[PDB]
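Before any questions on how it binds or moves, here is one chain, the form deposited in one PDB entry, in structure tokens.
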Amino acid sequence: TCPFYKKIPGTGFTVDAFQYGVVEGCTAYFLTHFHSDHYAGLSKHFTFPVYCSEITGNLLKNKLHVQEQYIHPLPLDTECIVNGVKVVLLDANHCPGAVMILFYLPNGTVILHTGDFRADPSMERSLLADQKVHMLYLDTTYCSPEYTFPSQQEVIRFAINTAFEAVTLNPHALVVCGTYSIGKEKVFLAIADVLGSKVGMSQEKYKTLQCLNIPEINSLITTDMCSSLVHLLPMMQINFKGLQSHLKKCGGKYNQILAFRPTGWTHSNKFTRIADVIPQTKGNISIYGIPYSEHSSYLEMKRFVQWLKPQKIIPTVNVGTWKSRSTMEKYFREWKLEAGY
């Protein structure tokens, strides 16, 4: 049974609700992005209309095999009518293809569903500038003040400098980057660009990247592992055992691995600056955990919400405990009293 925070009142619409079977009254199923917790349930046998971005629709067709007749891609930043209701898709600053959805209800209420997002001041000059929002369905993944992390640009500066230094000292070092979903592609693309290399990967990962409309992608990636000195591997293999095993396979081409694990937040964020990050090392293998987030920090979230001034907030993450729900409600009330809405 579909929970309330996935239903859009006054419509036949749901958001990210494919794991509940046929939802009573649903005439259109929106999908915000191609992450498994949100697409859970979609397959080639699905026969209801799915509304999404172009990039998400490429992934549904090629990776999940959803038939073409049920995929409805919409352009961004464009007023569209769906089943008699005006909607707009906005860039969510999350992974490739990720959107927020603005719903203009027949009764005059305006609803914003963020999907998953990383709030940015540039969102204050989108189509959100133009009118009032009554209800906000909010990605509250990091809604607590302990959740701090640097800008994505600082994190990429750290990774590029770390990789370029290591490989210039040792031309026989290999760089490896972990992945388990779409998102965070700038980590491996920026490192391969500074090293003058394509990124090597499995056929399955190549296929996924080929769905993402990245400019000049054919110049940037390859399935020929041997020609490349930046390899992608599944996140589970990013440990001393998995990496040892990988170095064996390269036929004595390399004598050192430097590996990156992009995580979300970890408690080593509470004491250490990005500049001061050190790896875990065993012999000729070193592993860096780097805090590259595609979700809002607490401060970015608070700024967005204080600017938007919604009348009501419905959290979409951390909703399963009374303690989480109570904590989040307290911060919403602080924010509202501080800003005066």
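One-based numbering along the sequence shown.
Not on display, but discussed next: the form deposited with a small molecule bound.
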Practice problem: Just one of 226 to 234, 196 to 204, 135 to 143, 156 to 164 has residues with a heavy atom within 4.5 Å of the small molecule in the deposited bound form, so point it out. | Solution: 135 to 143
Quiz item: Does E54 reach the small molecule in the deposited bound form if we count a contact as any heavy atom within 4.5 Å?
Solution: no
Quiz item: Might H38 be said to contact the small molecule in the deposited bound form, defining contact as any heavy atom within 4.5 Å?
Solution: yes
Practice problem: Using a 4.5 Å heavy atom cut-off, state whether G264 contacts the small molecule in the deposited bound form. | Solution: yes
